[PDB]
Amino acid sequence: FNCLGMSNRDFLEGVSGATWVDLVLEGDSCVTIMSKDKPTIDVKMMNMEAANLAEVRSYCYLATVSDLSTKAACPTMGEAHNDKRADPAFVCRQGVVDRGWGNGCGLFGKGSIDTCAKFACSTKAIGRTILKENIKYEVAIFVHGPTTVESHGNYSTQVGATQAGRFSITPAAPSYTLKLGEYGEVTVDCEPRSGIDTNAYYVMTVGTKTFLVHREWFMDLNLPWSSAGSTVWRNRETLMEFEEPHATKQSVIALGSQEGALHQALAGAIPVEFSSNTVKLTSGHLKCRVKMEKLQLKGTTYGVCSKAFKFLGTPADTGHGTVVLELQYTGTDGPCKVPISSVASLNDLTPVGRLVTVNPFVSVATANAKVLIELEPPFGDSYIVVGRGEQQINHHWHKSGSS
């Protein structure tokens, strides 16, 4: 729910001298936003789901053929019409058979014949569309308030500390305002109608396994089908074989499962987990404007930490040109502001990078408080310095790269 630790991280600054920022979020990816006099926040794309899809087609894969009748008519007695023909559920084929003495007619010629049998669908396969209305994006936001190596990740700890927050965004409610305790609030205005069209490639469930299938291919499947809101099965003949016409009894059977031929014709297609009527999505992005007018800094009245700090390990490189490190304070002088910055040479009176953990704080009155800091040191050699004069400590950093 936090940027720290992700490869997929971006850095943004609010337009010099304005409050809001435009971004576009991407799957499993994170954005750290920095504004003069406001705390740093992280916006992150937790999850993007299409739920409650529309059922497009439906396709039968194993069928049953039942109650076979066949009406027969002697030569010159005209065309036989099996009465089962009035039945929506039955399926019928006219034919022609040699008849005569040897088999029931008083004349020799081609007698008529008409065969009906009932069609049932054992199991089926459903294709579904991803209309854009079905999309929900889930966004976490995190304020860079006092945090610890231990606690920076602990999602619960942050929520408790009025510091994290998970909300969703959908065309139904494209906007949200997350209140963040005394940090004020951040409002988000997004525009979900991004990436996916209303009618491309379908989602098709064959028994257990659900697939991302070529739309066009699904429509041409040579199987029986029922549309959206009805179980009437059209184009059934594809799964039933009508055998040789025996004068008395013609045989009508079902073809066995097609399940195998399908998992086969999809061996290569993109598999999707469709548990509980929703679909994880890996593509997709969201445009938002993130308004920070009402995001405030908190406790600027507090004094600067008067006592000595300590480094708790070599500062570590995040791999985005920023460093993370963890102080440990020694004093007990209430909560106070941490005197950390980055200077080009040790005696330097003004600083050189920027803090990412803007406005860092010892937030307790007990001894040995820890604070995590992430800062962006400048290119080349510099010292990270914490403290004033006698109690100053420091650590050197080189950052490679020119531009």
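A residue's number is simply how far along the shown sequence it sits, counting from 1.
Between 194-202 and 272-280, it is 194-202 that carries the larger average Cα temperature factor according to the deposited entry. Compared with the other modelled residues of the chain, the Cα B-factor recorded for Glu13 ranks in the highest third. For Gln250, the recorded CA temperature factor ranks within the highest third of the chain's modelled residues. Placement of the Cα temperature factor of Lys36 within the chain: highest third of the modelled residues, per the deposited record.
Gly95 sits in the lowest third of its chain by CA B factor, as recorded in the PDB entry. Among all modelled residues in its chain, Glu49 ranks in the middle third by Cα B-factor.
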